[PDB]
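Input: a single structure, listed below in structure tokens.
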Amino acid sequence: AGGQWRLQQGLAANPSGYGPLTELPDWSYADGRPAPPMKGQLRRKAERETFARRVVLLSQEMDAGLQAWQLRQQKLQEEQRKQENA
Amino acid sequence: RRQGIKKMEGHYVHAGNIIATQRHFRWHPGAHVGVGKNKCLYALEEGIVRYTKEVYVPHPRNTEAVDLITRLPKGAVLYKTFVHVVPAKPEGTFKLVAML
Amino acid sequence: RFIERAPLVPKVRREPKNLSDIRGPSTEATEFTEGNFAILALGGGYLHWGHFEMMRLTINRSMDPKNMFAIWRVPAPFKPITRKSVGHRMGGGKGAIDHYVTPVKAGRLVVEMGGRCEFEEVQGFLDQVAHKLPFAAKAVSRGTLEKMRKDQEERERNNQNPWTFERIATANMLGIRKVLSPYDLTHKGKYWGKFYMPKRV
Amino acid sequence: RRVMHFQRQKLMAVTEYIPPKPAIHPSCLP
Amino acid sequence: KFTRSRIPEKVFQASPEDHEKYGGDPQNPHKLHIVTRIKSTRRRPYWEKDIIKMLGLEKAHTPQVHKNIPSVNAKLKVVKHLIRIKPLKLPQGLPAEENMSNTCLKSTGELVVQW
RNA sequence: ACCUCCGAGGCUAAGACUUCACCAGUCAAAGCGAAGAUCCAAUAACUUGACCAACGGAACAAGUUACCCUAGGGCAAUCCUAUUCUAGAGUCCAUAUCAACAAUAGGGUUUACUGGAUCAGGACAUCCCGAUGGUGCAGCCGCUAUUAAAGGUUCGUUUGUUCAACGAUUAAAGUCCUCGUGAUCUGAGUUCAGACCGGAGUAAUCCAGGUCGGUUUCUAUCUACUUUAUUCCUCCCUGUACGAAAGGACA
RNA sequence: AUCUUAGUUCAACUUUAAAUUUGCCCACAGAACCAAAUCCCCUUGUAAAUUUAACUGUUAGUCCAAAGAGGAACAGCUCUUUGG
Ligand SMILES: [Mg+2]
Ligand SMILES: [Mg+2]
Ligand SMILES: [Mg+2]
Ligand SMILES: [Mg+2]
Ligand SMILES: [Mg+2]
Ligand SMILES: [Zn+2]
């Protein structure tokens, strides 16, 4: 039990976390063709996929918010110049 | 008893709604805020409530206040709180009634 | 400045048992006023008239007015104590009135000694009388007071412990304020109840 | 001198003053 | 009584000594927080149970991502003692519409593609 | 809060407030006109009142049950004591004795506006016996102090909130815990019906009063258990030491 | 509130079915003359909340942290409040 050491070396604290043990296919057929993947692997792919989609969505929203703020600063700081003529 | 504010700043208050129920004059009436015999403050005109700090100039007809202001140094003033209702809707509009 | 067992003008309204006036750091009358030796209270306690009288009688035995004197900082007893004499059970109406008492807080001076005297007569009798008082106390001088206070400051400053009570309390670090009192935020973990632990920085 | 809740006890223990070790021991050097 | 705690802002002020102690930088801060729960909601006031139920932190460690904007920090400053916050790191950029199904989050907080 | 201190018994109409229900209660723009509940009785009426103050109100009902029956429930402000400063005394001197206040310690205070017999287990904070220190005991004995719980710790007159007094003794007649012990036995009670005396009451009846009388049954299922020398007196040793005379030792 | 505190009714809380759209958290602003915090909302994290139809059931609990009132500032003491 070396969770401290494993996290000090960029590994999962729990050897049953992410690693060759948990996600490589536990078996193949005798001939060589691979096996229908295991349920746990499917569920972890789905959850990691959802995590990535959420990451990209939140980052996009924050960047778009920054751009919207830039636009508003432009159209309020410069449209006051239209009142500086005539 | 519940003698306290009942519509706080930035609240939409219609006509007649009580803004504040009080015992003494903690909050004096302001623009569009009327007082009842029991010092309740109610909203005369539909709008949005605000609170402000203003200068106090009591009625000369009153006596317990017209004299205390007479006991104050040069450059003195009694500031006090007021509760106004900035009205929201306009009084009315004009619409076509007859084309003759 | 002689005092009496009970105030000549007792308060008409029966004041409740106000105890928040002893569990804190003394703020008024903490420093000397033209003195050289005194007694510093390391705790917070109620002094009855008997304690005051015994203090006076014990100090009087080493007085020579031409050299040294002592003047009292504490006021006269002015806080009622409710009798509820023997023969009753809990509850059933507030009791009668007993002799009034005076409070003292930690880091407070009860009676200050002035004059150009010797430094060991205090260790002769004021040590005894401090040991007599109903709360933790010590006999202190100007130089010794300065030494103790500056060393307290140094200890609070040259502390190699990364965490102190300040940081863990103010920031509500480990959900800690669920098991503390608001006064802790300002007492700084040095006045648990009516006491005063000085070795804590 | 009443007892403290246990968590307050742990907090008092962890935050206890630790003094700075002197560079040299005075006995064997001024 | 026992009451909500208003943390003075003075604590949330990184110093020149803190900056080189954790892998951060005053300028160019970090987009997303990865947050995990490392303590029970039980035995804590309801105004922390609700916050945790709102940040999606109901389950145990189970990391979850949130924006690094003050509207969420105000919530994390109430539950800062029941969570670990680390900054998400993207040393390969946001994934494309390809590589969404082949990502992975390492214990150091870096999101990467194809393990 | 029977905690802390005091008094009272014009009409119409948007919108709202409220005594944490309801019932009641409260404010009010504009507009039109003038400047403590319900039920009951008397009532043409316009409406009207007392009680409901136990003030959400039975229309009108008190004292009491010792002959009662049923359903049920059941870390002490003020203080006691020992150790700390000696400070006060003691024919001189705090330490040979009390040792005042206070402080530090262990322990309780319920009423007003449960013993005895039988057998006893245990602690020591020791009454005796044992060992030791100082003494102002110059000596047995006294005084205090340390140590010691193997053993022992009487019989009677009067009486029973349980003690106290008194007689005779004894080496001593210890302080407490387990009424310790009522499926081992007994008595008083305090609270069983009878009766009398004194107090309170119109009476029934009451009385944290005083007298006389008065019934708690058990075949042992289970545990546990049923064969673990002290003191005193007398006499030698004698009246040495000790002792200021006088008295009078150990082994 | 109750000839009522060994119970009942109303409320609060709970449940089901149904309708609708905002509910909670929340910075800045704001709430008096005579310490902890509280109230109120734009955003934000969320997915809940209000309303309607229909019933029963619980109700004056114990301990701990804290602030008070009563009994010392104690008697493991009666009571109110925030939290667990
Ligand atoms: Mg109401
Ligand atoms: Mg009008
Ligand atoms: Mg009634
Ligand atoms: Mg009533
Ligand atoms: Mg808002
Ligand atoms: Zn050395």
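By order in the structure tokens, chains are A, B, ...; within a chain, residues start at 1; ligands start at 1, following the order shown.
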
Kindly work out which residues sit at most 9 Å from ligand 4, using only C-alpha atoms (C1' of nucleotides) and all ligand atoms, and give the list as a PDB file with N, CA and C atoms (P, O5', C5', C4', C3', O3' and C1' of nucleotides), in the first residue's frame.
```pdb
ATOM      1  P     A F  54     -61.577  35.905  36.915  1.00  0.00           P
ATOM      2  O5'   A F  54     -61.287  34.547  36.145  1.00  0.00           O
ATOM      3  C5'   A F  54     -60.065  34.357  35.447  1.00  0.00           C
ATOM      4  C4'   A F  54     -60.065  33.064  34.671  1.00  0.00           C
ATOM      5  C3'   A F  54     -61.095  32.979  33.549  1.00  0.00           C
ATOM      6  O3'   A F  54     -60.573  32.219  32.460  1.00  0.00           O
ATOM      7  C1'   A F  54     -61.482  31.250  35.096  1.00  0.00           C
ATOM      8  P     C F  55     -59.599  32.885  31.370  1.00  0.00           P
ATOM      9  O5'   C F  55     -60.326  34.234  30.946  1.00  0.00           O
ATOM     10  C5'   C F  55     -61.398  34.236  30.017  1.00  0.00           C
ATOM     11  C4'   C F  55     -61.618  35.605  29.427  1.00  0.00           C
ATOM     12  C3'   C F  55     -60.521  36.139  28.533  1.00  0.00           C
ATOM     13  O3'   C F  55     -60.644  35.656  27.213  1.00  0.00           O
ATOM     14  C1'   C F  55     -61.314  37.835  30.004  1.00  0.00           C
ATOM     15  P     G F  56     -59.684  34.500  26.673  1.00  0.00           P
ATOM     16  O5'   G F  56     -60.626  33.678  25.702  1.00  0.00           O
ATOM     17  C5'   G F  56     -61.892  33.229  26.139  1.00  0.00           C
ATOM     18  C4'   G F  56     -62.469  32.243  25.163  1.00  0.00           C
ATOM     19  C3'   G F  56     -61.779  30.893  25.113  1.00  0.00           C
ATOM     20  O3'   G F  56     -62.334  29.956  26.026  1.00  0.00           O
ATOM     21  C1'   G F  56     -61.985  31.785  22.918  1.00  0.00           C
TER      22        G F  56
ATOM     23  P     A G   1     -52.467  30.748  23.259  1.00  0.00           P
ATOM     24  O5'   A G   1     -53.900  30.080  23.115  1.00  0.00           O
ATOM     25  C5'   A G   1     -54.992  30.842  22.642  1.00  0.00           C
ATOM     26  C4'   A G   1     -56.205  29.989  22.397  1.00  0.00           C
ATOM     27  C3'   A G   1     -56.718  29.190  23.578  1.00  0.00           C
ATOM     28  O3'   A G   1     -57.501  29.973  24.461  1.00  0.00           O
ATOM     29  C1'   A G   1     -56.666  27.823  21.646  1.00  0.00           C
ATOM     30  P     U G   2     -57.727  29.526  25.982  1.00  0.00           P
ATOM     31  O5'   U G   2     -58.329  28.066  25.855  1.00  0.00           O
ATOM     32  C5'   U G   2     -59.716  27.851  26.015  1.00  0.00           C
ATOM     33  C4'   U G   2     -60.104  26.456  25.617  1.00  0.00           C
ATOM     34  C3'   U G   2     -59.996  25.393  26.691  1.00  0.00           C
ATOM     35  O3'   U G   2     -61.097  25.382  27.580  1.00  0.00           O
ATOM     36  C1'   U G   2     -59.007  24.606  24.711  1.00  0.00           C
ATOM     37  P     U G   4     -61.471  20.089  28.908  1.00  0.00           P
ATOM     38  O5'   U G   4     -59.895  20.217  28.856  1.00  0.00           O
ATOM     39  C5'   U G   4     -59.217  20.032  27.630  1.00  0.00           C
ATOM     40  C4'   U G   4     -57.788  20.495  27.695  1.00  0.00           C
ATOM     41  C3'   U G   4     -56.945  19.907  28.798  1.00  0.00           C
ATOM     42  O3'   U G   4     -56.495  18.614  28.450  1.00  0.00           O
ATOM     43  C1'   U G   4     -56.516  22.237  28.566  1.00  0.00           C
TER      44        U G   4
END
```

For the contact check between chain B and chain G, emit one row per residue of chain B within 8 Å, containing the shortest atom pair and the distance in Å rounded to one decimal, counting only C-alpha atoms (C1' of nucleotides), chain then rising number order, as CSV.
```
residue,atom,partner,partner_atom,distance
B:5,CA,G:31,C1',7.0
B:8,CA,G:40,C1',5.9
B:9,CA,G:30,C1',5.3
B:10,CA,G:41,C1',7.5
B:26,CA,G:32,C1',5.6
B:50,CA,G:30,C1',7.6
B:51,CA,G:30,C1',6.6
```

Can you write just those residues out, C-alpha atoms, as an mmCIF file, in the first residue's frame?
```
data_model
loop_
_atom_site.group_PDB
_atom_site.id
_atom_site.type_symbol
_atom_site.label_atom_id
_atom_site.label_comp_id
_atom_site.auth_asym_id
_atom_site.auth_seq_id
_atom_site.Cartn_x
_atom_site.Cartn_y
_atom_site.Cartn_z
ATOM 1 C CA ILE B 5 -39.371 46.894 6.712
ATOM 2 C CA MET B 8 -36.685 46.198 0.814
ATOM 3 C CA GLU B 9 -34.641 48.189 -1.698
ATOM 4 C CA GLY B 10 -35.132 47.218 -5.317
ATOM 5 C CA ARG B 26 -37.161 55.440 11.787
ATOM 6 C CA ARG B 50 -35.225 53.081 -2.920
ATOM 7 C CA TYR B 51 -33.775 54.365 0.345
#
```

Neighbour list for residue 231 of chain F as JSON, numbers by chain, cut-off 10 Å, only C-alpha atoms (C1' of nucleotides), skip fewer than 4 positions in-chain
{"F": [129, 151, 152, 171]}

Keeping only N, CA and C atoms (P, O5', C5', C4', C3', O3' and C1' of nucleotides), write the selected residues to a file as a PDB file, in the first residue's frame.
```
ATOM      1  P     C F 129      -1.125   0.320  74.340  1.00  0.00           P
ATOM      2  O5'   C F 129      -0.689  -1.086  73.749  1.00  0.00           O
ATOM      3  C5'   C F 129      -0.951  -2.275  74.470  1.00  0.00           C
ATOM      4  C4'   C F 129      -0.700  -3.508  73.642  1.00  0.00           C
ATOM      5  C3'   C F 129       0.561  -3.502  72.809  1.00  0.00           C
ATOM      6  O3'   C F 129       1.709  -3.786  73.580  1.00  0.00           O
ATOM      7  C1'   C F 129      -1.244  -4.385  71.552  1.00  0.00           C
ATOM      8  P     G F 151      -6.900 -11.372  61.443  1.00  0.00           P
ATOM      9  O5'   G F 151      -6.752 -11.192  63.017  1.00  0.00           O
ATOM     10  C5'   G F 151      -6.323 -12.276  63.824  1.00  0.00           C
ATOM     11  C4'   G F 151      -6.268 -11.913  65.285  1.00  0.00           C
ATOM     12  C3'   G F 151      -7.496 -11.240  65.860  1.00  0.00           C
ATOM     13  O3'   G F 151      -8.532 -12.161  66.147  1.00  0.00           O
ATOM     14  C1'   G F 151      -5.551 -10.130  66.612  1.00  0.00           C
ATOM     15  P     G F 152     -10.052 -11.667  66.258  1.00  0.00           P
ATOM     16  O5'   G F 152     -10.031 -10.634  67.464  1.00  0.00           O
ATOM     17  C5'   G F 152      -9.905 -11.107  68.793  1.00  0.00           C
ATOM     18  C4'   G F 152      -9.810  -9.991  69.797  1.00  0.00           C
ATOM     19  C3'   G F 152     -11.043  -9.130  69.968  1.00  0.00           C
ATOM     20  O3'   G F 152     -12.028  -9.734  70.779  1.00  0.00           O
ATOM     21  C1'   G F 152      -9.115  -7.765  69.869  1.00  0.00           C
ATOM     22  P     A F 171      -6.758  -4.501  82.309  1.00  0.00           P
ATOM     23  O5'   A F 171      -6.117  -3.902  80.982  1.00  0.00           O
ATOM     24  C5'   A F 171      -5.075  -2.934  81.014  1.00  0.00           C
ATOM     25  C4'   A F 171      -4.943  -2.268  79.669  1.00  0.00           C
ATOM     26  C3'   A F 171      -6.240  -1.683  79.141  1.00  0.00           C
ATOM     27  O3'   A F 171      -6.331  -0.315  79.491  1.00  0.00           O
ATOM     28  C1'   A F 171      -5.240  -3.107  77.501  1.00  0.00           C
TER      29        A F 171
END
```

Expected selection as a PDB file with N, CA, C and O atoms, in the first residue's frame for ligand 6 within 10 Å, only C-alpha atoms (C1' of nucleotides) and all ligand atoms:
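The resulting out10.pdb:
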```pdb
ATOM      1  N   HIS D  25      24.752  24.983  21.026  1.00  0.00           N
ATOM      2  CA  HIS D  25      24.405  24.857  22.434  1.00  0.00           C
ATOM      3  C   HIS D  25      25.293  25.784  23.260  1.00  0.00           C
ATOM      4  O   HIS D  25      26.521  25.715  23.133  1.00  0.00           O
ATOM      5  N   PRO D  26      24.733  26.662  24.100  1.00  0.00           N
ATOM      6  CA  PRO D  26      25.588  27.597  24.852  1.00  0.00           C
ATOM      7  C   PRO D  26      26.621  26.924  25.742  1.00  0.00           C
ATOM      8  O   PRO D  26      27.705  27.487  25.936  1.00  0.00           O
ATOM      9  N   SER D  27      26.323  25.743  26.290  1.00  0.00           N
ATOM     10  CA  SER D  27      27.253  25.102  27.216  1.00  0.00           C
ATOM     11  C   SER D  27      28.622  24.911  26.580  1.00  0.00           C
ATOM     12  O   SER D  27      29.650  25.200  27.202  1.00  0.00           O
ATOM     13  N   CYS D  28      28.654  24.428  25.340  1.00  0.00           N
ATOM     14  CA  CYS D  28      29.900  24.096  24.665  1.00  0.00           C
ATOM     15  C   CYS D  28      30.334  25.169  23.677  1.00  0.00           C
ATOM     16  O   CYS D  28      31.201  24.915  22.836  1.00  0.00           O
ATOM     17  N   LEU D  29      29.753  26.365  23.761  1.00  0.00           N
ATOM     18  CA  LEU D  29      30.206  27.502  22.968  1.00  0.00           C
ATOM     19  C   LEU D  29      29.511  28.766  23.466  1.00  0.00           C
ATOM     20  O   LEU D  29      28.309  28.730  23.758  1.00  0.00           O
TER      21      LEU D  29
END
```

Residues of chain E within 8 Å of chain A, counting only C-alpha atoms, as a list in words
residues 31, 32, 64, 65, 66, 67, 94, 95, 100, 101, 102, 103, 104, 106, 107 and 108 of chain E

Got time to write the residues from that selection, N, CA and C atoms, as a PDB file, in the first residue's frame?
```pdb
ATOM      1  N   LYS E  31      -8.162  28.052 -16.335  1.00  0.00           N
ATOM      2  CA  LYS E  31      -9.573  28.053 -16.699  1.00  0.00           C
ATOM      3  C   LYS E  31     -10.410  27.305 -15.673  1.00  0.00           C
ATOM      4  N   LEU E  32     -10.220  25.997 -15.579  1.00  0.00           N
ATOM      5  CA  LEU E  32     -11.139  25.131 -14.865  1.00  0.00           C
ATOM      6  C   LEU E  32     -10.512  24.604 -13.583  1.00  0.00           C
ATOM      7  N   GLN E  64     -14.781  16.246 -10.316  1.00  0.00           N
ATOM      8  CA  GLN E  64     -15.754  17.000 -11.099  1.00  0.00           C
ATOM      9  C   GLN E  64     -15.183  18.372 -11.440  1.00  0.00           C
ATOM     10  N   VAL E  65     -15.565  18.918 -12.614  1.00  0.00           N
ATOM     11  CA  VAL E  65     -14.964  20.149 -13.140  1.00  0.00           C
ATOM     12  C   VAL E  65     -15.925  21.319 -12.997  1.00  0.00           C
ATOM     13  N   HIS E  66     -15.361  22.494 -12.716  1.00  0.00           N
ATOM     14  CA  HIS E  66     -16.137  23.713 -12.556  1.00  0.00           C
ATOM     15  C   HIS E  66     -15.341  24.895 -13.079  1.00  0.00           C
ATOM     16  N   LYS E  67     -16.047  25.961 -13.443  1.00  0.00           N
ATOM     17  CA  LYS E  67     -15.380  27.169 -13.902  1.00  0.00           C
ATOM     18  C   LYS E  67     -14.624  27.825 -12.756  1.00  0.00           C
ATOM     19  N   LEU E  94      -7.562  21.600 -25.771  1.00  0.00           N
ATOM     20  CA  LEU E  94      -8.879  20.997 -25.724  1.00  0.00           C
ATOM     21  C   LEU E  94      -8.977  19.927 -26.806  1.00  0.00           C
ATOM     22  N   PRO E  95      -9.618  18.798 -26.534  1.00  0.00           N
ATOM     23  CA  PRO E  95      -9.774  17.792 -27.585  1.00  0.00           C
ATOM     24  C   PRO E  95     -10.713  18.282 -28.672  1.00  0.00           C
ATOM     25  N   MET E 100     -12.682  12.908 -28.308  1.00  0.00           N
ATOM     26  CA  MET E 100     -13.499  13.058 -27.111  1.00  0.00           C
ATOM     27  C   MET E 100     -13.649  11.734 -26.389  1.00  0.00           C
ATOM     28  N   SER E 101     -13.729  10.640 -27.134  1.00  0.00           N
ATOM     29  CA  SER E 101     -13.936   9.322 -26.561  1.00  0.00           C
ATOM     30  C   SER E 101     -12.635   8.615 -26.225  1.00  0.00           C
ATOM     31  N   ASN E 102     -11.497   9.287 -26.356  1.00  0.00           N
ATOM     32  CA  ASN E 102     -10.195   8.713 -26.048  1.00  0.00           C
ATOM     33  C   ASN E 102      -9.374   9.683 -25.219  1.00  0.00           C
ATOM     34  N   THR E 103      -9.966  10.201 -24.154  1.00  0.00           N
ATOM     35  CA  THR E 103      -9.278  11.091 -23.234  1.00  0.00           C
ATOM     36  C   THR E 103      -8.987  10.373 -21.923  1.00  0.00           C
ATOM     37  N   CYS E 104      -8.257  11.058 -21.049  1.00  0.00           N
ATOM     38  CA  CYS E 104      -7.879  10.485 -19.767  1.00  0.00           C
ATOM     39  C   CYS E 104      -7.357  11.585 -18.862  1.00  0.00           C
ATOM     40  N   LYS E 106      -5.094  12.281 -15.624  1.00  0.00           N
ATOM     41  CA  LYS E 106      -4.070  11.720 -14.760  1.00  0.00           C
ATOM     42  C   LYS E 106      -4.142  12.356 -13.377  1.00  0.00           C
ATOM     43  N   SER E 107      -3.541  11.674 -12.402  1.00  0.00           N
ATOM     44  CA  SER E 107      -3.647  12.112 -11.018  1.00  0.00           C
ATOM     45  C   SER E 107      -3.040  13.486 -10.793  1.00  0.00           C
ATOM     46  N   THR E 108      -2.150  13.934 -11.672  1.00  0.00           N
ATOM     47  CA  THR E 108      -1.581  15.266 -11.533  1.00  0.00           C
ATOM     48  C   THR E 108      -2.519  16.353 -12.030  1.00  0.00           C
TER      49      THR E 108
END
```

Would you list the contacts of residue 94 of chain C as a list in words, taking every protein, DNA or RNA residue within 9 Å and counting only C-alpha atoms (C1' of nucleotides), but skipping same-chain residues closer than 3 positions in sequence?
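That gives residues 82, 83, 84 and 91 of chain C; 3 of chain F; 70 and 71 of chain G.
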
Counting only C-alpha atoms (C1' of nucleotides), which residues of chain F sit at most 10 Å from some atom of chain B, and what is each one's closest atom pair with its distance in Å to one decimal, listed by chain and rising residue number, as a tab-separated table?
```
residue	atom	partner	partner_atom	distance
F:14	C1'	B:15	CA	7.8
F:15	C1'	B:16	CA	4.6
F:16	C1'	B:17	CA	4.5
F:17	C1'	B:18	CA	6.6
F:18	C1'	B:1	CA	7.8
F:19	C1'	B:1	CA	5.7
F:26	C1'	B:38	CA	9.0
F:27	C1'	B:36	CA	6.1
F:28	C1'	B:16	CA	6.2
F:29	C1'	B:44	CA	6.0
```

Preceding selection exported with N, CA and C atoms (P, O5', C5', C4', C3', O3' and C1' of nucleotides) as a PDB file, in the first residue's frame:
```pdb
ATOM      1  P     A F  14     -62.802  47.428  -4.497  1.00  0.00           P
ATOM      2  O5'   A F  14     -61.562  47.789  -5.417  1.00  0.00           O
ATOM      3  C5'   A F  14     -60.259  47.422  -5.016  1.00  0.00           C
ATOM      4  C4'   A F  14     -59.212  47.921  -5.971  1.00  0.00           C
ATOM      5  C3'   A F  14     -57.812  47.413  -5.693  1.00  0.00           C
ATOM      6  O3'   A F  14     -57.580  46.136  -6.248  1.00  0.00           O
ATOM      7  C1'   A F  14     -57.744  49.739  -5.893  1.00  0.00           C
ATOM      8  P     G F  15     -57.480  44.862  -5.288  1.00  0.00           P
ATOM      9  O5'   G F  15     -56.103  45.080  -4.527  1.00  0.00           O
ATOM     10  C5'   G F  15     -54.875  45.100  -5.231  1.00  0.00           C
ATOM     11  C4'   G F  15     -53.940  46.127  -4.663  1.00  0.00           C
ATOM     12  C3'   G F  15     -53.100  45.679  -3.483  1.00  0.00           C
ATOM     13  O3'   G F  15     -51.946  44.959  -3.861  1.00  0.00           O
ATOM     14  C1'   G F  15     -54.111  47.734  -2.970  1.00  0.00           C
ATOM     15  P     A F  16     -51.776  43.423  -3.435  1.00  0.00           P
ATOM     16  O5'   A F  16     -52.165  43.401  -1.896  1.00  0.00           O
ATOM     17  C5'   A F  16     -51.252  42.962  -0.904  1.00  0.00           C
ATOM     18  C4'   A F  16     -50.790  44.108  -0.045  1.00  0.00           C
ATOM     19  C3'   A F  16     -50.466  43.763   1.396  1.00  0.00           C
ATOM     20  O3'   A F  16     -49.167  43.226   1.552  1.00  0.00           O
ATOM     21  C1'   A F  16     -51.875  45.646   1.349  1.00  0.00           C
ATOM     22  P     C F  17     -48.954  41.853   2.353  1.00  0.00           P
ATOM     23  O5'   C F  17     -48.869  42.324   3.866  1.00  0.00           O
ATOM     24  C5'   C F  17     -47.868  43.241   4.264  1.00  0.00           C
ATOM     25  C4'   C F  17     -48.187  43.888   5.586  1.00  0.00           C
ATOM     26  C3'   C F  17     -48.340  42.962   6.775  1.00  0.00           C
ATOM     27  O3'   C F  17     -47.101  42.550   7.319  1.00  0.00           O
ATOM     28  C1'   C F  17     -50.101  44.526   6.764  1.00  0.00           C
ATOM     29  P     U F  18     -46.893  41.035   7.801  1.00  0.00           P
ATOM     30  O5'   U F  18     -47.871  40.892   9.045  1.00  0.00           O
ATOM     31  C5'   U F  18     -47.657  41.645  10.226  1.00  0.00           C
ATOM     32  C4'   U F  18     -48.699  41.346  11.273  1.00  0.00           C
ATOM     33  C3'   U F  18     -48.994  39.880  11.530  1.00  0.00           C
ATOM     34  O3'   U F  18     -48.024  39.236  12.336  1.00  0.00           O
ATOM     35  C1'   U F  18     -51.018  41.049  11.341  1.00  0.00           C
ATOM     36  P     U F  19     -47.884  37.635  12.298  1.00  0.00           P
ATOM     37  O5'   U F  19     -48.060  37.200  13.820  1.00  0.00           O
ATOM     38  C5'   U F  19     -49.339  37.225  14.448  1.00  0.00           C
ATOM     39  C4'   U F  19     -49.225  37.263  15.950  1.00  0.00           C
ATOM     40  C3'   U F  19     -50.519  36.979  16.710  1.00  0.00           C
ATOM     41  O3'   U F  19     -50.206  36.363  17.960  1.00  0.00           O
ATOM     42  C1'   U F  19     -49.748  39.105  17.290  1.00  0.00           C
ATOM     43  P     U F  26     -59.084  47.760  14.592  1.00  0.00           P
ATOM     44  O5'   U F  26     -57.778  47.978  13.717  1.00  0.00           O
ATOM     45  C5'   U F  26     -56.536  48.228  14.346  1.00  0.00           C
ATOM     46  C4'   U F  26     -55.412  48.329  13.349  1.00  0.00           C
ATOM     47  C3'   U F  26     -55.615  49.282  12.191  1.00  0.00           C
ATOM     48  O3'   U F  26     -55.445  50.641  12.545  1.00  0.00           O
ATOM     49  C1'   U F  26     -54.691  47.271  11.397  1.00  0.00           C
ATOM     50  P     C F  27     -56.222  51.786  11.733  1.00  0.00           P
ATOM     51  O5'   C F  27     -55.363  51.960  10.406  1.00  0.00           O
ATOM     52  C5'   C F  27     -53.996  52.331  10.484  1.00  0.00           C
ATOM     53  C4'   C F  27     -53.344  52.410   9.126  1.00  0.00           C
ATOM     54  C3'   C F  27     -54.078  53.197   8.062  1.00  0.00           C
ATOM     55  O3'   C F  27     -53.938  54.595   8.206  1.00  0.00           O
ATOM     56  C1'   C F  27     -53.258  51.191   7.140  1.00  0.00           C
ATOM     57  P     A F  28     -54.962  55.577   7.464  1.00  0.00           P
ATOM     58  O5'   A F  28     -54.955  55.069   5.960  1.00  0.00           O
ATOM     59  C5'   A F  28     -53.900  55.417   5.084  1.00  0.00           C
ATOM     60  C4'   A F  28     -54.098  54.821   3.717  1.00  0.00           C
ATOM     61  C3'   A F  28     -55.280  55.350   2.938  1.00  0.00           C
ATOM     62  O3'   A F  28     -55.017  56.598   2.339  1.00  0.00           O
ATOM     63  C1'   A F  28     -55.246  53.007   2.796  1.00  0.00           C
ATOM     64  P     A F  29     -56.221  57.527   1.846  1.00  0.00           P
ATOM     65  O5'   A F  29     -55.841  57.835   0.339  1.00  0.00           O
ATOM     66  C5'   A F  29     -54.524  58.231  -0.003  1.00  0.00           C
ATOM     67  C4'   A F  29     -54.197  57.861  -1.421  1.00  0.00           C
ATOM     68  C3'   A F  29     -55.131  58.409  -2.477  1.00  0.00           C
ATOM     69  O3'   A F  29     -54.878  59.765  -2.786  1.00  0.00           O
ATOM     70  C1'   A F  29     -54.715  56.130  -2.902  1.00  0.00           C
TER      71        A F  29
END
```

Exercise answer, chain D residues close to chain G, 12 Å and only C-alpha atoms (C1' of nucleotides), as a ChimeraX atom specification:
/D:4-8

Can you write just those residues out, C-alpha atoms, as a JSON list (two decimals), in the first residue's frame?
```
[["chain", "number", "residue", "atom", "x", "y", "z"],
["D", 4, "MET", "CA", -12.37, 20.82, 26.36],
["D", 5, "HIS", "CA", -14.21, 19.19, 23.50],
["D", 6, "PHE", "CA", -11.84, 16.72, 21.87],
["D", 7, "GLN", "CA", -11.47, 18.57, 18.57],
["D", 8, "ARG", "CA", -10.58, 21.73, 20.44]]
```

Tell me which protein, DNA and RNA residues are within 9 Å of residue 14 of chain C, counting only C-alpha atoms (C1' of nucleotides), leaving out same-chain ones fewer than 6 positions away, and put them as a ChimeraX atom specification.
/C:80,97 /F:4

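Using only C-alpha atoms (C1' of nucleotides) and all ligand atoms as the basis for the distance check, residues found within 10 Å of ligand 1 are residues 18, 19, 20, 21, 22, 23, 24 and 25 of chain F.
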
Could you build a table of the residues in chain F lying no more than 12 Å from chain C, giving for each the nearest pair of atoms and their separation in Å rounded to one decimal place, using only C-alpha atoms (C1' of nucleotides), ordered by chain and ascending residue number, as CSV?
```
residue,atom,partner,partner_atom,distance
F:1,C1',C:93,CA,10.4
F:2,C1',C:92,CA,6.3
F:3,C1',C:94,CA,8.0
F:4,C1',C:14,CA,6.8
F:5,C1',C:13,CA,7.3
F:76,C1',C:86,CA,10.5
F:77,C1',C:83,CA,7.2
F:78,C1',C:85,CA,7.5
F:79,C1',C:86,CA,10.7
F:84,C1',C:131,CA,9.9
F:85,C1',C:128,CA,5.8
F:86,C1',C:128,CA,10.5
F:87,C1',C:58,CA,9.6
F:101,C1',C:54,CA,7.0
F:102,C1',C:132,CA,6.5
F:103,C1',C:132,CA,5.3
F:104,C1',C:132,CA,10.4
F:108,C1',C:86,CA,11.4
F:109,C1',C:86,CA,6.3
F:110,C1',C:87,CA,6.3
F:111,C1',C:87,CA,5.7
F:112,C1',C:87,CA,8.2
F:113,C1',C:88,CA,11.1
```
